[PDB]
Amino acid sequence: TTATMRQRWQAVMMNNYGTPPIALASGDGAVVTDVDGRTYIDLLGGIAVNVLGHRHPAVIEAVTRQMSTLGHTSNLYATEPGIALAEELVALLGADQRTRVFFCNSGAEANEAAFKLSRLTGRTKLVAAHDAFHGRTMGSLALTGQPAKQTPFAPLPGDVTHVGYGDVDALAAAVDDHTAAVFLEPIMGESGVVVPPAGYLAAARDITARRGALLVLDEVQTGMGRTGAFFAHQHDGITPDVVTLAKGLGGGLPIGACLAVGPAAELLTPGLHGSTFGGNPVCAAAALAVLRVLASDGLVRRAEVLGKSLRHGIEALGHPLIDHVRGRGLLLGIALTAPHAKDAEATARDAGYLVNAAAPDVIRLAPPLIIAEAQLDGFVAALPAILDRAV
């Protein structure tokens, strides 16, 4: 029962998440089932992680095969899956300079690695955006632009200046010859799928290049083909110095990566960084399977097509509570005219849909890339009643 599972959670878990309102028992594709047998269409993917949904045969087969071959070894030893995964990720980034890879376990750890690279430039000043989310460990939390989540743990690693997201002249004013790096999400996810103005990431590339700062693009949530290009920044024709990845990288298996291009790729020398589980064969095998499936099933182009039809379908409802839809591909925010997103998350759950109130007035969607068109169709048709019940 849901109450027994919730009571067990409240007896033993730290309360840093609050208590989950539902307890899930199984999942298959984009459908999850709770402990009472109710099914839900998953439009959130565990917060953009389950790019291939649950029980994807290719991920299961890769993990099962690798566990029956060779498990964890540590990076005292070279192993095939991590090397192959690094080769594939470098090919997908497609930079015209030498690109090198560091594996870790999470998005916070990937940005901690990028934080450390920044230190090796000889500079200690960092710039990030207000409301950005880059992780919750002490270094990545310093980059995260959320004072209410940072103040309790101060002092944090320095020296970080935050600027308004998308504001070209604010960024230019904050970046100088002392700036080690600028961190940016190509779309701010956790804040409410906030899309920057047209030339903004290109401006960030030019500002950082002229001042000798690294440009670090955090693709933890925007990557893995979700926006219709493998990396969201590839829509903008720029090459950052560092890119970080996690969430969907392993199809659900914990893995993150920090890629560095050109001189940045050479900063880390032996003994200066590491992670015990980083690059382990089982999680790397899972990530390799995700990449294979994205390519063989054309899921990156499918995200662009479905995201475009989903945005138009929502906008065509003409619902007075919907101000606009934003995002790209299958990362979408439904921006509301009044702050009812939390209520709409609950009434959507009543209607059998899992969504996210990312902000008081924004519903975030990040469905599996394997989502059925009819599963999206049903959500759009149900949305007016979801919103009417919310208000």
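Throughout, we count residues from 1 along the sequence that is shown.
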| property | result |
| --- | --- |
| Mean temperature factor over C-alpha atoms, higher-scoring stretch between 308-316 and 287-295 | 308-316 |
| Mean Cα B-factor comparison, 103-111 or 177-185, giving the higher one as deposited | 177-185 |
| Residue of maximum C-alpha B factor among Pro360, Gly46, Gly53, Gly333, per deposited coordinates | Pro360 |
| Given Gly251, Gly237, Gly274, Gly82, the residue at which the Cα B factor reaches its maximum | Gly237 |
| Chain third (lowest, middle, highest) by recorded CA B-factor, residue given as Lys149 | highest |
| Lowest, middle or highest third - CA B-factor, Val325 | highest |
| CA B-factor ranking of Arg211, expressed as a third of its chain | highest |
| Chain third (lowest, middle, highest) by recorded CA B-factor, residue given as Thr227 | middle |
| Entry-reported Cα temperature factor of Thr161, expressed as the chain third it lands in | middle |
